[PDB]
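One chain follows as structure tokens, the form deposited in one PDB entry.
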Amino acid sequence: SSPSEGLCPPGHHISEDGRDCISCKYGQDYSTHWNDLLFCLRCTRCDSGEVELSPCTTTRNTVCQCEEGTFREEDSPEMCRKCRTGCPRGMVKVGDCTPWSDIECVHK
């Protein structure tokens, strides 16, 4: 409720007169750091291509992952692409497809 040095804590925004720290609305908005924003930030919705991994809280935006069938790597900024269903002609599977990676193959 009390700002310190004109910044409010994570999960809160500052009031218009700079004297109150107001809680973000859980499941609707968030702030992750000590800020002087007059508004909390809008939570990202995992619409169609992506399913929700973790919900939005006041201090944390929601985290998405691609649905089963598609994958994206660890810190990969790339868009989400389809997993192969089988290895090419003359190779074997040594790893299954997840949200995290493609199927892994190897020769003979």
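In this text, the rigid core denotes the largest set of C-alpha atoms whose superposition between the two forms falls within 1.5 Å. Shifts are known only where both forms have a C-alpha. Residue indices: 1-based, along the sequence shown.
Another form, the form deposited in another entry, is not on view; read the next lines as being about it.
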property: Core-aligned C-alpha movement of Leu53 between the shown form and the other one, 2 Å or more; result: no
property: Core superposition between the shown form and the other one, C-alpha change of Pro99 at least 2 Å; result: yes
property: Yes/no, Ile22 Cα shift of 2 Å or more between the shown form and the other one with rigid core fixed; result: no
property: Distance trend in the other entry - C-alpha atoms of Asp75 and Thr57, change of 3 Å or more; result: farther
property: Change in CA distance between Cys64 and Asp75 in the other entry, which is 3 Å or more, as closer or farther; result: farther
property: Large-shift segments between the shown form and the other one, meaning 3+ residue runs whose Cα move 2 Å or more when the rigid core is superposed; result: 71-108
